[PDB]
Amino acid sequence: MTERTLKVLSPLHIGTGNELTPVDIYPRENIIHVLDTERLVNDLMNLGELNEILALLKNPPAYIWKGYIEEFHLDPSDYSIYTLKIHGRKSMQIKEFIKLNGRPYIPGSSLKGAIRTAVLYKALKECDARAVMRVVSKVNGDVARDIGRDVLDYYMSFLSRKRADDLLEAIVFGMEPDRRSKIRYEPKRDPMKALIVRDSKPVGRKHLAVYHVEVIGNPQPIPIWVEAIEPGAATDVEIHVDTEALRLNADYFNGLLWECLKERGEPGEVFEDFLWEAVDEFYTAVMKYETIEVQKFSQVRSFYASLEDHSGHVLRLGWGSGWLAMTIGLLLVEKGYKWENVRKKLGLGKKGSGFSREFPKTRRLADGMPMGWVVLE
Amino acid sequence: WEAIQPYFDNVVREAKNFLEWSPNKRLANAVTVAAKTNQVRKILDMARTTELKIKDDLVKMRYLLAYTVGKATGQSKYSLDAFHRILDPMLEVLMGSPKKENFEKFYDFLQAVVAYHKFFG
Amino acid sequence: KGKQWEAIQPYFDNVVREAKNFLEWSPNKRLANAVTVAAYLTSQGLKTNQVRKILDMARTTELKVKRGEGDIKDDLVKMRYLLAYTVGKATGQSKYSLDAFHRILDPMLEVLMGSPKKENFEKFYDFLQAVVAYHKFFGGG
Amino acid sequence: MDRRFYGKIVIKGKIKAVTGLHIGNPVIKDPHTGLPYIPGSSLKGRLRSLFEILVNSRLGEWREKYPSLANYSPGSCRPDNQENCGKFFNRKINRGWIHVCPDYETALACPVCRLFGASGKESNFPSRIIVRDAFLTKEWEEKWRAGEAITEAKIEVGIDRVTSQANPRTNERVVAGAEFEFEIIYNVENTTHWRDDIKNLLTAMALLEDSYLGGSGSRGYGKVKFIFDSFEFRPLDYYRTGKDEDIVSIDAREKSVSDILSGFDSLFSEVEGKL
Amino acid sequence: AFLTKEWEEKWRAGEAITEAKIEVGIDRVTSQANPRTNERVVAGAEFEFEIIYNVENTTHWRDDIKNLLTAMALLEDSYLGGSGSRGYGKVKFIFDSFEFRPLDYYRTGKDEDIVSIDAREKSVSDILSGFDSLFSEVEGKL
RNA sequence: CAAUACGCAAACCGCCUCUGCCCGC
Ligand SMILES: [Zn+2]
């Protein structure tokens, strides 16, 4: 297949590491507006200075620093998003979406990193009796992975910026020759270098709006303002596997993922079929796991029961996907105390350690919708 | 040690015009200047843009420099307004100036500040 | 091996700063020490590609000492901060290797701004190429 | 033995990027003008590497038509340290394996090495295509002057799984939509086989429109889209009279797959009368 | 051939003249990067050449200047030295002046040397129909 | 009442392997 289009079922924020200060914004109505400082500042000179360089650096009481253009001028906006929520007293930092010409698209590095989490989950399920024969070749540390006994039961005690997944990515994707440690990752040995995803077509201005993300898990909830693609927008993305790049590397790949493909048939032929069966088994499993916790908001469960009977492949993206959806640690729930000492080793809570709500405490949902759901087919 | 930095604040207030020194003072200022990288690159790399290039961009080069200190609030204006206080007194002069010349000695001063920023940390 | 990198460096560092001016000795001493300079830089990696901007900066005005200009102010400015930018851009395990190479040249650059231009910078540039040349002979490049 | 010359088929056109491109964290640029540009080696060494891999699978179909494919089995000399043996990728450059036929008459018979050139020990067969650099087009030369940014930046992140440790970096890519201007000249030396090499070069281009061009590519950093403008022939008589005696091939709105497909044999029909 | 009056001053003003291009080699299997560096002239630099043709026989100079402009008109489509097949050539002749420099020039010193018109013409435009018109007044001197 | 705690990249790979003065006095 080529040009496998998608749709959007919840708010979806792909960050760019940038926020809109209140000098960029003046909401005249329930609609909001993104003013053009470079053009507006250079357009407010004809009527005259050094006052703009003094007032913007001062940041006084925002509202008046954007409504002072209303005196003898008006109508200087760029994008003019919608607020779509009962907020905005400016006092906000709207996190902006990634845009190529002021037009929102989905980056392909972000949809590949979600498939890579789904594919990593499938490799650690099926592959401890076969995980030693992978590291039997030029690693010599599989005896430690055999005496502990499913390499996960060793890695909880093996650990006991952050390079925590360094060995686990080197077992499922790329066995190296040697290192100062036991093994390391080699980018030249990877089936995922044959997985080609591309940036999608740009979404559109009509489907972009500001949101009001409330954080739930504490008695005092906090709001975060953010912009995200509204649910119901459908764009098209093309994903294909280059099978010719796997035929050349039939002897050079050394990993547990390659030892999941030689059992479904020809390993350069079933990798694209293994790929989506890994998607609908990581993300349906994190979909069912969130029906256990009812701390959110009621209506959240009526979204999750409606995610079933929906054709296509369902997966998370973006910013509101929690620790449960960007991490192997869905599989590390069934350990309990084997992961309880290690979750405090890294540490989590700050400003000692969170005892009973260590990992799953935060839920970031926009307008009562669990954000970040995109369904391919 | 803030007074020795305030003793260097007079040295930042010494170079009112552009031609501060052709000798070691631009370094010796910058050693004591550099005694967060990610907040400045819309001026640091923006200096790299305007070098090859002009006059209408330099207003934006002065508008973004005050846009940095106007964004971050709280405890995040202190070294912000300080680093604000060095650059603009050498950029209020350079509006009506030669462009390919007379800027190099600041263009070599701008780069020398971040150079000792990473060495001292 | 690395046990030579601990002893010979600490034998040489007090001899390094005590001759901070580049016009120390035009005799056999500055070549005899320069082998010992690359002797404790042998056990470190010391990649040259980051130094290629500095050495070409030393190359492009080496012609300009030779009847080009009589001013090495604008060049030697550019050599001082970029060599601080060397750890100023590249950190890590190559930083501990490049800190020991920083401490020899930085005493000698500050001479060269007020130095003669036909003299005392040739005495630096000859000590420049003595560090590189033996470093290729002990096994580094 | 017997190097000859009948003409130089010139393939002008314009490389278009529908999706953003990267070369190499800055994209390398023309120093005298500041603009980024797609080099020569990234466009000739990319077509060779999408044609040595294509020939590797098909050593049964081309061996009846090309000699010196029987001298190799489809494989790799990466495990076994042998220079010229049954495996198809024979030259260890310093550490990489690139298929170069080690003789003139092997490369005269090879389908790859008669086109993308071949080194050797005392043979050194030279290429037949010369691929020039691609700068910006003259309508996109002026968006640099008008301040419409010919490039952009991109912040990714690398998520460590356990601690959710974000490790971001800033890629710098050419903006999607920027259009270059490429140049491939085919040096017609042997009239017996040039029907091949024109339908064989477009083979390597057509796989490139499905693959990526430089950069990462598996994340969005490719999408070449070859917009051809005009083949011409430039005969030997063009360089003596200086006329416009170069046969224009009409491909103003045609694709790489739309030339190699039905429509080929009528376009190159007057060149065959010129041989 | 040396750089033109202009490109001498771009070495005086501070602009570079040589660039360092990094090229790499890649294995088709393990994607093994094999890099290198090249010093090449910066693209767009400009050298002043001069090619003198010693006219020895007036019988055959028309068919011998045409051969020089045939070897030049191929060189503009080929490359001039270097790696070349990967872009590194692509050279283009910009003719300043053809001048005849006759025999009566060398004894006397009179500025009577025949100057042809080659202001804004390609190397293929000299050999274009008009070579009988560009070098027509050379026929009067034989 | 609204945010600030922190991160600006780590790696390996750095040239290669063919040729090196004939002819005529
Ligand atoms: Zn071959």
# chains A, B, ... in the order shown; residues from 1 in each chain; ligands from 1
>>> residues_around(residues="segment 85-97 of chain C", least_positions_apart="6", cutoff="7 Å", atoms="only C-alpha atoms (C1' of nucleotides)", output="PyMOL selection string")
(chain B and resi 115-116+118-119) or (chain C and resi 44-46)
>>> residues_near_ligand(ligand="ligand 1", cutoff="6 Å", atoms="only C-alpha atoms (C1' of nucleotides) and all ligand atoms", output="NGL selection string")
:D and (99-101 or 107 or 110 or 112-113)
>>> write_last_selection(atoms="C-alpha atoms", output="tab-separated table (two decimals), in the first residue's frame")
chain	number	residue	atom	x	y	z
D	99	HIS	CA	30.53	-3.37	-6.31
D	100	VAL	CA	33.28	-2.38	-8.73
D	101	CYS	CA	34.27	-4.75	-11.52
D	107	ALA	CA	33.20	-3.47	-16.60
D	110	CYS	CA	28.94	-5.24	-16.45
D	112	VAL	CA	26.46	-1.22	-13.48
D	113	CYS	CA	30.14	-0.55	-14.10
>>> closest_residue(among="E:108, E:67, E:59, E:4", to="chain D", atoms="only C-alpha atoms")
E:67
>>> interface_residues(of="chain E", to="chain F", cutoff="9 Å", atoms="only C-alpha atoms (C1' of nucleotides)", output="MDAnalysis selection string")
chainID E and resid 24 32:37
>>> select_by_dssp(residues="chain E", states="strand (DSSP E)", output="ChimeraX atom specification")
/E:2-3,18-26,33-41,47-48,98-99,115-116
>>> write_last_selection(atoms="N, CA and C atoms", output="PDB file, in the first residue's frame")
ATOM      1  N   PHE E   2      45.690  32.616 -13.900  1.00  0.00           N
ATOM      2  CA  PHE E   2      45.639  33.171 -12.521  1.00  0.00           C
ATOM      3  C   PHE E   2      44.297  33.886 -12.321  1.00  0.00           C
ATOM      4  N   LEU E   3      43.922  34.173 -11.075  1.00  0.00           N
ATOM      5  CA  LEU E   3      42.616  34.818 -10.752  1.00  0.00           C
ATOM      6  C   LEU E   3      42.521  36.236 -11.338  1.00  0.00           C
ATOM      7  N   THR E  18      39.139  28.523  -1.027  1.00  0.00           N
ATOM      8  CA  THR E  18      39.075  27.071  -1.051  1.00  0.00           C
ATOM      9  C   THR E  18      38.080  26.580  -0.012  1.00  0.00           C
ATOM     10  N   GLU E  19      37.323  25.555  -0.387  1.00  0.00           N
ATOM     11  CA  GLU E  19      36.342  24.939   0.488  1.00  0.00           C
ATOM     12  C   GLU E  19      36.698  23.480   0.720  1.00  0.00           C
ATOM     13  N   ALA E  20      36.312  22.984   1.888  1.00  0.00           N
ATOM     14  CA  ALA E  20      36.568  21.611   2.293  1.00  0.00           C
ATOM     15  C   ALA E  20      35.257  20.846   2.249  1.00  0.00           C
ATOM     16  N   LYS E  21      35.087  20.032   1.219  1.00  0.00           N
ATOM     17  CA  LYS E  21      33.900  19.210   1.061  1.00  0.00           C
ATOM     18  C   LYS E  21      34.162  17.829   1.638  1.00  0.00           C
ATOM     19  N   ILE E  22      33.267  17.368   2.500  1.00  0.00           N
ATOM     20  CA  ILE E  22      33.348  16.029   3.066  1.00  0.00           C
ATOM     21  C   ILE E  22      32.462  15.110   2.240  1.00  0.00           C
ATOM     22  N   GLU E  23      33.074  14.091   1.646  1.00  0.00           N
ATOM     23  CA  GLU E  23      32.373  13.010   0.978  1.00  0.00           C
ATOM     24  C   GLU E  23      32.640  11.726   1.745  1.00  0.00           C
ATOM     25  N   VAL E  24      31.737  10.765   1.614  1.00  0.00           N
ATOM     26  CA  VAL E  24      31.767   9.536   2.392  1.00  0.00           C
ATOM     27  C   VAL E  24      31.534   8.378   1.425  1.00  0.00           C
ATOM     28  N   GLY E  25      31.994   7.185   1.792  1.00  0.00           N
ATOM     29  CA  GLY E  25      31.594   5.986   1.075  1.00  0.00           C
ATOM     30  C   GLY E  25      30.783   5.076   1.980  1.00  0.00           C
ATOM     31  N   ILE E  26      29.840   4.346   1.387  1.00  0.00           N
ATOM     32  CA  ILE E  26      28.858   3.570   2.138  1.00  0.00           C
ATOM     33  C   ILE E  26      28.806   2.149   1.597  1.00  0.00           C
ATOM     34  N   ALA E  33      30.013   3.905   6.945  1.00  0.00           N
ATOM     35  CA  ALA E  33      30.448   5.214   6.480  1.00  0.00           C
ATOM     36  C   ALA E  33      31.969   5.246   6.385  1.00  0.00           C
ATOM     37  N   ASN E  34      32.476   5.668   5.230  1.00  0.00           N
ATOM     38  CA  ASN E  34      33.898   5.695   4.925  1.00  0.00           C
ATOM     39  C   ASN E  34      34.279   7.102   4.475  1.00  0.00           C
ATOM     40  N   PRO E  35      34.482   8.070   5.379  1.00  0.00           N
ATOM     41  CA  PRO E  35      34.551   9.475   4.948  1.00  0.00           C
ATOM     42  C   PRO E  35      35.920   9.942   4.467  1.00  0.00           C
ATOM     43  N   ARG E  36      35.956  11.130   3.859  1.00  0.00           N
ATOM     44  CA  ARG E  36      37.172  11.783   3.395  1.00  0.00           C
ATOM     45  C   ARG E  36      36.902  13.269   3.215  1.00  0.00           C
ATOM     46  N   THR E  37      37.959  14.038   2.955  1.00  0.00           N
ATOM     47  CA  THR E  37      37.854  15.476   2.714  1.00  0.00           C
ATOM     48  C   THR E  37      38.594  15.854   1.438  1.00  0.00           C
ATOM     49  N   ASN E  38      38.109  16.886   0.761  1.00  0.00           N
ATOM     50  CA  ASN E  38      38.726  17.408  -0.448  1.00  0.00           C
ATOM     51  C   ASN E  38      38.899  18.906  -0.309  1.00  0.00           C
ATOM     52  N   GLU E  39      40.039  19.417  -0.736  1.00  0.00           N
ATOM     53  CA  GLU E  39      40.160  20.844  -0.961  1.00  0.00           C
ATOM     54  C   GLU E  39      39.886  21.104  -2.432  1.00  0.00           C
ATOM     55  N   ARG E  40      38.881  21.923  -2.718  1.00  0.00           N
ATOM     56  CA  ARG E  40      38.539  22.327  -4.072  1.00  0.00           C
ATOM     57  C   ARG E  40      38.389  23.836  -4.073  1.00  0.00           C
ATOM     58  N   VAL E  41      38.531  24.431  -5.258  1.00  0.00           N
ATOM     59  CA  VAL E  41      38.277  25.853  -5.456  1.00  0.00           C
ATOM     60  C   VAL E  41      36.818  26.152  -5.158  1.00  0.00           C
ATOM     61  N   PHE E  47      39.370  32.508 -13.334  1.00  0.00           N
ATOM     62  CA  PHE E  47      40.787  32.556 -13.660  1.00  0.00           C
ATOM     63  C   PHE E  47      40.953  33.132 -15.054  1.00  0.00           C
ATOM     64  N   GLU E  48      42.001  33.923 -15.262  1.00  0.00           N
ATOM     65  CA  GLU E  48      42.250  34.499 -16.577  1.00  0.00           C
ATOM     66  C   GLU E  48      43.236  33.669 -17.373  1.00  0.00           C
ATOM     67  N   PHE E  98      39.767  38.272 -28.762  1.00  0.00           N
ATOM     68  CA  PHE E  98      40.641  37.707 -29.777  1.00  0.00           C
ATOM     69  C   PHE E  98      41.472  38.848 -30.328  1.00  0.00           C
ATOM     70  N   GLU E  99      42.745  38.588 -30.602  1.00  0.00           N
ATOM     71  CA  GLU E  99      43.637  39.568 -31.210  1.00  0.00           C
ATOM     72  C   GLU E  99      44.559  38.846 -32.166  1.00  0.00           C
ATOM     73  N   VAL E 115      41.640  43.038 -34.057  1.00  0.00           N
ATOM     74  CA  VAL E 115      40.895  42.644 -32.873  1.00  0.00           C
ATOM     75  C   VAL E 115      39.537  42.136 -33.320  1.00  0.00           C
ATOM     76  N   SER E 116      39.222  40.899 -32.968  1.00  0.00           N
ATOM     77  CA  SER E 116      37.912  40.352 -33.276  1.00  0.00           C
ATOM     78  C   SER E 116      36.936  40.677 -32.149  1.00  0.00           C
TER      79      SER E 116
END
>>> closest_residue(among="D:254, D:244, D:189, D:148", to="chain A", atoms="only C-alpha atoms")
D:148
>>> select_by_dssp(residues="segment 71-270 of chain A", states="helix (DSSP H, G or I)", output="JSON, numbers by chain")
{"A": [108, 109, 110, 111, 112, 113, 114, 115, 116, 117, 118, 119, 120, 121, 122, 123, 124, 125, 126, 131, 132, 133, 134, 142, 143, 144, 145, 146, 147, 148, 152, 153, 154, 155, 156, 157, 158, 166, 167, 168, 169, 170, 171, 172, 191, 192, 193, 205, 206, 207, 244, 245, 246, 247, 258, 259, 260, 261]}
>>> write_last_selection(atoms="C-alpha atoms", output="PDB file, in the first residue's frame")
ATOM      1  CA  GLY A 108       7.239  11.458  10.384  1.00  0.00           C
ATOM      2  CA  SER A 109       9.799  11.139  13.148  1.00  0.00           C
ATOM      3  CA  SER A 110       6.895  11.223  15.606  1.00  0.00           C
ATOM      4  CA  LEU A 111       4.790   8.525  13.961  1.00  0.00           C
ATOM      5  CA  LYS A 112       7.806   6.236  13.642  1.00  0.00           C
ATOM      6  CA  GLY A 113       8.680   6.568  17.324  1.00  0.00           C
ATOM      7  CA  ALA A 114       5.195   5.354  18.181  1.00  0.00           C
ATOM      8  CA  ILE A 115       5.465   2.330  15.915  1.00  0.00           C
ATOM      9  CA  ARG A 116       8.884   1.614  17.460  1.00  0.00           C
ATOM     10  CA  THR A 117       7.317   1.431  20.929  1.00  0.00           C
ATOM     11  CA  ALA A 118       4.648  -0.957  19.619  1.00  0.00           C
ATOM     12  CA  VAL A 119       7.250  -3.116  17.885  1.00  0.00           C
ATOM     13  CA  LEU A 120       9.507  -3.169  20.965  1.00  0.00           C
ATOM     14  CA  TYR A 121       6.566  -4.399  23.053  1.00  0.00           C
ATOM     15  CA  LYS A 122       5.903  -7.334  20.745  1.00  0.00           C
ATOM     16  CA  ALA A 123       9.553  -8.389  20.795  1.00  0.00           C
ATOM     17  CA  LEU A 124       9.755  -8.586  24.588  1.00  0.00           C
ATOM     18  CA  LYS A 125       6.534 -10.614  24.817  1.00  0.00           C
ATOM     19  CA  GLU A 126       7.493 -13.538  22.596  1.00  0.00           C
ATOM     20  CA  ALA A 131      16.707 -14.817  24.128  1.00  0.00           C
ATOM     21  CA  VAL A 132      19.949 -16.596  25.064  1.00  0.00           C
ATOM     22  CA  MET A 133      20.642 -17.886  21.539  1.00  0.00           C
ATOM     23  CA  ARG A 134      20.575 -14.302  20.234  1.00  0.00           C
ATOM     24  CA  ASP A 142      23.521 -14.425  27.899  1.00  0.00           C
ATOM     25  CA  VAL A 143      24.550 -16.680  30.799  1.00  0.00           C
ATOM     26  CA  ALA A 144      23.626 -13.799  33.101  1.00  0.00           C
ATOM     27  CA  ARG A 145      20.389 -13.535  31.110  1.00  0.00           C
ATOM     28  CA  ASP A 146      19.919 -17.309  31.504  1.00  0.00           C
ATOM     29  CA  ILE A 147      20.688 -17.571  35.230  1.00  0.00           C
ATOM     30  CA  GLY A 148      18.150 -14.821  35.988  1.00  0.00           C
ATOM     31  CA  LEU A 152      12.871  -8.510  31.554  1.00  0.00           C
ATOM     32  CA  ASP A 153      13.330 -10.372  34.857  1.00  0.00           C
ATOM     33  CA  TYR A 154      17.075  -9.665  34.681  1.00  0.00           C
ATOM     34  CA  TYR A 155      16.751  -6.014  33.628  1.00  0.00           C
ATOM     35  CA  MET A 156      14.745  -5.073  36.727  1.00  0.00           C
ATOM     36  CA  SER A 157      17.756  -6.123  38.805  1.00  0.00           C
ATOM     37  CA  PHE A 158      20.382  -5.174  36.204  1.00  0.00           C
ATOM     38  CA  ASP A 166      20.443   1.130  26.376  1.00  0.00           C
ATOM     39  CA  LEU A 167      20.763  -2.610  26.957  1.00  0.00           C
ATOM     40  CA  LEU A 168      17.125  -3.376  26.144  1.00  0.00           C
ATOM     41  CA  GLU A 169      17.328  -1.617  22.780  1.00  0.00           C
ATOM     42  CA  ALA A 170      20.626  -3.416  22.156  1.00  0.00           C
ATOM     43  CA  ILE A 171      18.937  -6.779  22.711  1.00  0.00           C
ATOM     44  CA  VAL A 172      15.775  -6.288  20.660  1.00  0.00           C
ATOM     45  CA  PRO A 191      15.167  -3.954  10.802  1.00  0.00           C
ATOM     46  CA  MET A 192      13.640  -0.534  11.559  1.00  0.00           C
ATOM     47  CA  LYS A 193      16.050   1.118   9.101  1.00  0.00           C
ATOM     48  CA  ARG A 205      -6.195  25.906   9.657  1.00  0.00           C
ATOM     49  CA  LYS A 206      -9.839  24.924  10.208  1.00  0.00           C
ATOM     50  CA  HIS A 207      -8.894  21.881  12.306  1.00  0.00           C
ATOM     51  CA  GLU A 244      14.992  -4.984  -0.807  1.00  0.00           C
ATOM     52  CA  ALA A 245      16.864  -3.517   2.162  1.00  0.00           C
ATOM     53  CA  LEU A 246      16.043  -6.640   4.189  1.00  0.00           C
ATOM     54  CA  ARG A 247      17.249  -9.152   1.591  1.00  0.00           C
ATOM     55  CA  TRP A 258      14.955 -10.635  13.672  1.00  0.00           C
ATOM     56  CA  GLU A 259      14.270 -13.768  15.726  1.00  0.00           C
ATOM     57  CA  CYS A 260      10.573 -12.923  15.680  1.00  0.00           C
ATOM     58  CA  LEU A 261      10.458 -12.705  11.873  1.00  0.00           C
TER      59      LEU A 261
END
>>> residues_around(residues="residue 50 of chain B", least_positions_apart="6", cutoff="12 Å", atoms="only C-alpha atoms (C1' of nucleotides)", output="count of residues only")
16
>>> atom_distance(atom1="atom CA of residue 150 of chain A", atom2="atom CA of residue 322 of chain A")
24.6 Å
>>> closest_atom_pairs(of="chain D", to="chain A", cutoff="6 Å", atoms="only C-alpha atoms", output="tab-separated table")
residue	atom	partner	partner_atom	distance
D:160	CA	A:165	CA	5.9
D:161	CA	A:327	CA	4.8
D:165	CA	A:162	CA	5.6
D:218	CA	A:196	CA	4.3
D:219	CA	A:109	CA	4.9
D:220	CA	A:198	CA	4.2
>>> closest_atom_pairs(of="chain D", to="chain F", cutoff="10 Å", atoms="only C-alpha atoms (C1' of nucleotides)", output="Markdown table")
| residue | atom | partner | partner_atom | distance |
| --- | --- | --- | --- | --- |
| D:25 | CA | F:9 | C1' | 9.8 |
| D:92 | CA | F:16 | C1' | 9.4 |
| D:93 | CA | F:16 | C1' | 6.1 |
| D:94 | CA | F:16 | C1' | 6.0 |
| D:95 | CA | F:13 | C1' | 8.9 |
| D:119 | CA | F:18 | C1' | 8.1 |
| D:120 | CA | F:18 | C1' | 6.7 |
| D:121 | CA | F:18 | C1' | 5.3 |
| D:122 | CA | F:18 | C1' | 6.9 |
| D:123 | CA | F:18 | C1' | 9.1 |
| D:124 | CA | F:18 | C1' | 8.2 |
| D:155 | CA | F:8 | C1' | 9.2 |
| D:156 | CA | F:9 | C1' | 9.7 |
| D:157 | CA | F:9 | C1' | 8.9 |
| D:158 | CA | F:9 | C1' | 9.0 |
| D:165 | CA | F:7 | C1' | 8.6 |
| D:166 | CA | F:7 | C1' | 6.5 |
| D:167 | CA | F:7 | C1' | 5.9 |
| D:168 | CA | F:8 | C1' | 6.1 |
| D:169 | CA | F:9 | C1' | 4.6 |
| D:170 | CA | F:8 | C1' | 7.5 |
| D:171 | CA | F:9 | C1' | 9.6 |
>>> write_last_selection(atoms="C-alpha atoms", output="PDB file, in the first residue's frame")
ATOM      1  CA  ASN D  25      23.804  19.889  12.048  1.00  0.00           C
ATOM      2  CA  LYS D  92      36.599  -3.225   0.483  1.00  0.00           C
ATOM      3  CA  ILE D  93      37.154   0.529   0.195  1.00  0.00           C
ATOM      4  CA  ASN D  94      38.502   0.972   3.672  1.00  0.00           C
ATOM      5  CA  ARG D  95      35.642  -0.726   5.502  1.00  0.00           C
ATOM      6  CA  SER D 119      38.419   1.526 -10.806  1.00  0.00           C
ATOM      7  CA  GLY D 120      40.884  -1.321 -11.095  1.00  0.00           C
ATOM      8  CA  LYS D 121      44.490  -2.469 -10.852  1.00  0.00           C
ATOM      9  CA  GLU D 122      45.944  -1.241 -14.240  1.00  0.00           C
ATOM     10  CA  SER D 123      42.406  -1.241 -15.851  1.00  0.00           C
ATOM     11  CA  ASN D 124      40.618   1.823 -14.303  1.00  0.00           C
ATOM     12  CA  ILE D 155      13.677  19.981  17.009  1.00  0.00           C
ATOM     13  CA  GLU D 156      13.217  16.261  17.563  1.00  0.00           C
ATOM     14  CA  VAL D 157      13.574  14.331  20.803  1.00  0.00           C
ATOM     15  CA  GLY D 158      14.900  10.915  21.725  1.00  0.00           C
ATOM     16  CA  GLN D 165      14.106  11.017  29.679  1.00  0.00           C
ATOM     17  CA  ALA D 166      13.759  13.460  26.798  1.00  0.00           C
ATOM     18  CA  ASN D 167      17.031  13.974  24.902  1.00  0.00           C
ATOM     19  CA  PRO D 168      16.260  16.559  22.208  1.00  0.00           C
ATOM     20  CA  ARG D 169      18.367  17.804  19.316  1.00  0.00           C
ATOM     21  CA  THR D 170      17.887  20.289  16.487  1.00  0.00           C
ATOM     22  CA  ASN D 171      17.930  18.982  12.944  1.00  0.00           C
TER      23      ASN D 171
END
>>> residues_around(residues="residue 68 of chain D", least_positions_apart="6", cutoff="12 Å", atoms="only C-alpha atoms (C1' of nucleotides)", output="CSV table (one decimal) with C-alpha atoms, in the first residue's frame")
chain,number,residue,atom,x,y,z
D,59,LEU,CA,21.3,-12.0,-11.5
D,60,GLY,CA,19.3,-14.5,-13.4
D,62,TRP,CA,20.2,-9.8,-16.7
D,86,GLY,CA,31.6,-15.5,-5.7
D,88,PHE,CA,28.8,-9.7,-5.6
D,100,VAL,CA,33.3,-2.4,-8.7
D,101,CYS,CA,34.3,-4.7,-11.5
D,102,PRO,CA,38.1,-5.0,-11.4
D,103,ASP,CA,38.8,-4.9,-15.1
D,104,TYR,CA,38.0,-3.0,-18.3
D,105,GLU,CA,36.4,-6.0,-20.0
D,106,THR,CA,34.5,-7.0,-16.9
D,107,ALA,CA,33.2,-3.5,-16.6
D,108,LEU,CA,32.7,-3.4,-20.4
D,109,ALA,CA,30.3,-6.3,-19.8
D,110,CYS,CA,28.9,-5.2,-16.5
D,111,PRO,CA,25.6,-3.4,-16.5
D,112,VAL,CA,26.5,-1.2,-13.5
D,113,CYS,CA,30.1,-0.6,-14.1
D,114,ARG,CA,29.8,0.5,-17.7
>>> atom_distance(atom1="atom CA of residue 285 of chain A", atom2="atom CA of residue 159 of chain D")
20.5 Å
>>> interface_residues(of="chain D", to="chain E", cutoff="8 Å", atoms="only C-alpha atoms", output="PyMOL selection string")
chain D and resi 30-32+39-41+44+49+53+76+93-98+127+129-133+239-243
>>> atom_distance(atom1="atom CA of residue 108 of chain C", atom2="atom CA of residue 41 of chain C")
18.3 Å
>>> closest_atom_pairs(of="chain A", to="chain F", cutoff="12 Å", atoms="only C-alpha atoms (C1' of nucleotides)", output="tab-separated table")
residue	atom	partner	partner_atom	distance
A:17	CA	F:7	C1'	10.8
A:89	CA	F:2	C1'	10.5
A:90	CA	F:2	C1'	10.6
A:91	CA	F:2	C1'	7.3
A:92	CA	F:2	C1'	7.8
A:93	CA	F:3	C1'	9.3
A:161	CA	F:7	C1'	8.0
A:162	CA	F:7	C1'	10.9
A:163	CA	F:10	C1'	10.0
A:166	CA	F:10	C1'	11.6
A:179	CA	F:11	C1'	11.7
A:184	CA	F:11	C1'	10.0
A:185	CA	F:11	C1'	9.1
A:186	CA	F:11	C1'	8.9
A:187	CA	F:11	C1'	9.5
A:188	CA	F:12	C1'	10.7
A:214	CA	F:2	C1'	11.8
A:215	CA	F:3	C1'	11.6
A:220	CA	F:1	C1'	11.3
A:221	CA	F:2	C1'	10.6
A:222	CA	F:2	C1'	7.5
A:223	CA	F:2	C1'	7.5
A:224	CA	F:3	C1'	7.9
A:225	CA	F:3	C1'	10.4
A:348	CA	F:5	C1'	11.6
A:349	CA	F:5	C1'	10.5
A:350	CA	F:5	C1'	7.9
A:351	CA	F:5	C1'	8.0
>>> residues_around(residues="residue 88 of chain B", least_positions_apart="3", cutoff="10 Å", atoms="only C-alpha atoms (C1' of nucleotides)", output="ChimeraX atom specification")
/B:16,61-62,65-66,83-85,91-94
>>> interface_residues(of="chain A", to="chain B", cutoff="7 Å", atoms="only C-alpha atoms", output="list in words")
residues 21, 38, 53, 56, 57, 58 and 59 of chain A
>>> residues_around(residues="residue 20 of chain D", least_positions_apart="6", cutoff="12 Å", atoms="only C-alpha atoms (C1' of nucleotides)", output="number ranges by chain")
A: 100, 107-108, 198-201; D: 27, 150-154, 171-179, 212-217, 219-225
>>> interface_residues(of="chain B", to="chain C", cutoff="10 Å", atoms="only C-alpha atoms", output="list in words")
residues 22, 23, 24, 26, 27, 30, 31, 105, 108, 109, 111, 112, 113, 114, 115, 116, 117, 118, 119, 120 and 121 of chain B
